[PDB]
Structure formats: structure tokens, C-alpha cells
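Notes follow the structure.
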Amino acid sequence: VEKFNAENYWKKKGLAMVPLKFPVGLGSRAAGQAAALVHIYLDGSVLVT
Amino acid sequence: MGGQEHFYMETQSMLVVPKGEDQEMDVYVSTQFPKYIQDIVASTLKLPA
């Protein structure tokens, strides 16, 4: 890229790298609770919600 | 001893609605046995319960 920019005046290339720390959390326990409901019918099939 | 008609004032009544996805079926029916309606409808359609 430095070689390209030394050889082109009206066109320029650029390059960059950034790191990532994305923390995950909601600030309270109650805000992270979850629930489900599962049925098994007598033919063996399952319904989940 | 002779027989007897039930003579429920509401005659046999049902509305069967397909959802349009995954061959899902919703059956609204005047019945005493929803589990049995589910079994015979699923069997007739070759579907899991």
C-alpha cells in the first residue's frame, strides 16, 4: 500500500486493523431469566416453545 | 329397552384451518376428546401430532 501511494497521486490505498472486546451481560440476574415449554405426544413427536 | 338420541342442541360443528407452513393444521371442533381428534386428523394427513 505504501508502494502504491508512492506511485499514485490522485488514487490512494489504505489499510487498517482494529481489535474487539465485546462484553456480554445485562446488569441484573432477573433481566437474563428465560423459560420454555415442551410437550411429548404419544406418537413420540415433540412441540417446543 | 329402546335407544335414545343425544339431542345436544348444538349439532356437529367444526372448522379446520391449515396454517400454510409445515402442513400445520388447526382444528376447531365441538368435541369431548381433543386428543382423539388430533390423532385421527394427523393419521389421516400422515403427519406427526
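Hydrogens, waters and symmetry mates are skipped; everything else that's a heavy atom, side chains included, is used. Lettering follows sequence order; numbering is per chain, from 1.
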Legend entry - Within one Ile-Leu-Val-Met-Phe-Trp-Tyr cluster: A:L20 and A:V24, side-chain cutoff 4.5 Å: yes
Legend entry - salt bridge (charged side-chain N to carboxylate O under 4.0 Å, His left out) pairs, two or more places apart, involving residues 4-29 of chain A: A:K3-A:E7
Inset, instruction - Mind checking ring pair (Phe, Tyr, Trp, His ring centres under 6.0 Å) for B:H6 and listing every partner two or more places apart, or none if nothing turns up? - result: B:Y8
Legend entry - salt bridge (charged side-chain N to carboxylate O under 4.0 Å, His left out) contacts touching residues 4-21 of chain B (sequence neighbours left out): none
Legend entry - Heavy-atom neighbours of A:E2 CD exceed 12 at 6.0 Å: no
Inset, instruction - Sequence neighbours left out, what pairs pass salt bridge (charged side-chain N to carboxylate O under 4.0 Å, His left out) with at least one residue falling in residues 32-49 of chain B? - result: B:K35-B:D39
Legend entry - Linked hydrophobic residues, B:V41 as query - side chain contacts closer than 4.5 Å: B:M14, B:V16, B:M25, B:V27, B:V29, B:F33, B:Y36, B:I37, B:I40, B:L45, B:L47
Inset, instruction - Linking directly or through intermediates, with side-chain heavy atoms under 4.5 Å: list the remaining ILVMFWY members grouped with A:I40, chain and number order. - result: A:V38, A:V46, A:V48
Legend entry - Contacts of type side-chain contact (heavy atoms from CB on, under 4.5 Å), residue A:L26, not counting sequence neighbours: A:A31
Legend entry - Under 4.5 Å side-chain linkage, directly or through intermediates, the cluster mates of A:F4: none
Legend entry - Apart from B:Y28 itself, residues in the same hydrophobic cluster as defined by side-chain heavy atoms under 4.5 Å: B:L15, B:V17
Legend entry - side-chain contact (heavy atoms from CB on, under 4.5 Å) against B:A49, all qualifying residues, sequence neighbours excluded: A:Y41, A:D43, A:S45, B:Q38
